[PDB]
Amino acid sequence: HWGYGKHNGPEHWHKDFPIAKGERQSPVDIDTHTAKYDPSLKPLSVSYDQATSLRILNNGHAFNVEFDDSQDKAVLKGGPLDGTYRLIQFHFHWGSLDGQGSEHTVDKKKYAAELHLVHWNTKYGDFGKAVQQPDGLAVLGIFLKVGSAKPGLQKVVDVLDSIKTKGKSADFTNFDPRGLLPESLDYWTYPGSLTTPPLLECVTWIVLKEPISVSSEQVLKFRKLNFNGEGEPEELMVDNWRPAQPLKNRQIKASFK
């Protein structure tokens, strides 16, 4: 099945998922000189006070921090969005070394990692219906650089030993995703896709300009995860990022001057 290797990685995905070569694929390189400031864009509204995390999962690609999305508890609105988008999960992409790992790039710069907070449009009732719509999802992307520790990340890092291998999950309640946000909510936005199969072209991307800092020790713990299942040959969960795809007929807009 699909993965990140030489034989099953991003360049192979198109054979099982031909939209991989579509008109609105993600990620992309954000050329800061050509992204235009759009004064019509609103501030983003991130309302995570009542978010209810439930569980962390090793799905064999990354780990997912899952939320109760059965009510309007943790919602994204504003920005480029019409209506209300409910948080369902977050996950990361990261490298084998600090010089790579992000999916989006900024003037070709790769960050050490990238966090995706995934939200679905409540007008479509559930996530599976939402991903069939061009405005079904809003993904908040946040870059990670290596420097000072991010204290709000440590609880995630803590738990990773318990989900080493594919298929392992653990209770992960009471985790506050606000502790993963940078100070500024300035962003770039563009229409794109899921960055893993099935690569559906259902996402309004909102990529924050300001990275968070995490420590080398935090990231090193991500890199101890495994893509394999229990008792199988160990293959470290690193370099689980899709490279930048062609921008095609799209504009990237900036919320800030």
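The residue numbers of chain A are those assigned by Swiss-Prot, with the residues present covering 4-260 sequentially.
If you're wondering, the header gives X-ray crystallography, 1.2 Å.
Just so it is clear, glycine is given a Cβ too, placed from its N, Cα and C backbone atoms.
Lifted from Swiss-Prot, the feature list:
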type	residues	note
SITE	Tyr7	site 'Fine-tunes the proton-transfer properties of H-64'
SITE	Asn62	site 'Fine-tunes the proton-transfer properties of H-64'
ACT_SITE	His64	active site, proton donor/acceptor
SITE	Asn67	site 'Fine-tunes the proton-transfer properties of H-64'
BINDING	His94, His96, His119	Zn(2+) binding site
MOD_RES	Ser165	phosphoserine
MOD_RES	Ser172	phosphoserine
BINDING	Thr198, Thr199	substrate binding site
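Other residues of the same chain near the Zn(2+) site, with their Cβ within 8 Å of the Cβ centroid of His94, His96, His119, are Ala65, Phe93, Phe95, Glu106, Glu117, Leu118, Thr198. On the backbone, the CA of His96 (Zn(2+) binding site) and the CA of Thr198 (substrate binding site) stand 10 Å apart. Close to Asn67 (site 'Fine-tunes the proton-transfer properties of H-64'), meaning Cα to Cα within 10 A, are the following recorded positions out of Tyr7, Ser165, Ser172, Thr199: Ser172. Around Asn67 (site 'Fine-tunes the proton-transfer properties of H-64'), a 10 Å sphere centred on its CB holds 21 further CB atoms from the protein chains shown. When the recorded positions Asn62, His94, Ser165, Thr199 are screened for a C-alpha within 10 angstroms of the C-alpha of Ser172 (phosphoserine), the residues that qualify, in sequence order, are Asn62, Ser165. For the binding-site residues shown (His94, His96, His119), fewest C-beta neighbours within 10 angstroms: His94.
For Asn62 (site 'Fine-tunes the proton-transfer properties of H-64'), the same-chain residues that are 6 or more apart in sequence and have a Cβ closer than 8 Å to its Cβ are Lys169, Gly170.
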